[PDB]
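First, one chain by itself in structure tokens, the form solved without ligand COA.
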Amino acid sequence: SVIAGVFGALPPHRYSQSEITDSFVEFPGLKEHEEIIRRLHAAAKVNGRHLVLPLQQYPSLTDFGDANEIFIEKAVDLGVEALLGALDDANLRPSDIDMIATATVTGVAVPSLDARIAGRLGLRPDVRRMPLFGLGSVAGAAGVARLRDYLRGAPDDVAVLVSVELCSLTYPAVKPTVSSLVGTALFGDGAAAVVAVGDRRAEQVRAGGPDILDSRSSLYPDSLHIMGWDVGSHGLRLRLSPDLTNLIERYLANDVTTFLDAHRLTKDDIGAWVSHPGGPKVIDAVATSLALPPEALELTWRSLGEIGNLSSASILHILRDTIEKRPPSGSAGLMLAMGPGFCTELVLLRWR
């Protein structure tokens, strides 16, 4: 399992953070909350976000069915763009793909995104499909890890993960509640794709990106309420408990120590950290938990600032950033994500 390509895609409509806010407080039913909205938006540490729709169109997006239908169309466009890009980076072709996995939590599609995506790209009719849905924000790391699991038993194959998250589209379910307003300060739209190859196929594809060495999932007891969707007539409504950061602060070290002990590594042996940008308070929690220097998580901070929180797609944008800035050849890399479960996922990388 060696990564051969990584690529991120973004919708063309980009808006500065306060632009978004300036219009948002004026949306129907939101002006009674200008103050908490401005505060929450200014404290998100996001400087701009890409929106799959013109900012001016969101107030009229009140029907879940309308929103989901648009999701299905845009999601497939962006996912195709990402996959095509990651294949370019790997210098590979659609026909070479033996297994495709898709991750999203922001739309409901049957047939799944992989069926549609594979239809658009002219993938082998016999390609193996794997649509993950319930995973959310953790599916970027967990998805890379599922690639390894597959390629571990299929050493000559090529596998891809595609992650599309169009968070702006969940708007119909947004209420002037604290947890939904937090989601309104953090989340943006985007996609990302990873092309990965088996051990036997790496050398003759000239697979560049890092090896995928291992992963470990960590599912916390009695924590369903930390992250989720309240699903209904209104669509997909965010559940976000305050206890989230406290959870990370109390258990994240053990997740990390248990996994690295297994490889006889310490936190110090990590050459590059690739963390999910849940938001200021969550990034702080990770740094505090693992006692990391301000520079360890700077590419995730940077990511949060430039494109916001992209659910599962963010950890892959950041991963691409990390690859570009060429970490020490042969050093360890750690992917660290968290999502609905509650769970965390850790992936072990080795930079080339």
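All residue numbers refer to positions in the sequence shown, first residue = 1.
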313-321 set against 27-35, stretch whose average Cα temperature factor tops the other in the entry: 27-35
Options 161, 92, 207, 145 - largest CA temperature factor per the record: 207
Assigned third (lowest, middle, highest) for the C-alpha B factor of residue 128: lowest
Third assignment of residue 70 from its chain's C-alpha B-factors: lowest
Assigned third (lowest, middle, highest) for the C-alpha B factor of residue 150: lowest
Residue 141 by Cα B-factor - lowest, middle or highest third of the modelled chain: lowest
Residue 341, C-alpha B-factor rank within chain (lowest, middle or highest third): lowest
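One more form of this protein exists, namely the form solved in complex with ligand COA; it is left out here, but the text below deals with it.
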Answer option from 210, 143, 79, 278, heavy atom within 4.5 Å of ligand COA in the entry with it bound: 278
Heavy atom within 4.5 Å of ligand COA in the entry with it bound - residue from 256, 99, 205, 240: 240
Ligand COA contact in the entry with it bound: residue 303, any heavy atom under 4.5 Å: no
Exercise: residue 43 in contact with ligand COA in the entry with it bound, heavy atom 4.5 Å: yes
Contact test in the entry with it bound: residue 158 vs ligand COA, heavy atoms, 4.5 Å: no
Residue 71, heavy atom within 4.5 angstroms of ligand COA in the entry with it bound: no
Heavy atom distance at most 4.5 Å to ligand COA in the entry with it bound, all of 247, 289 and 344: no
Partner-proximal stretch of 217-225, 116-124, 181-189, 256-264 relative to ligand COA in the entry with it bound, 4.5 angstroms, heavy atom: 181-189
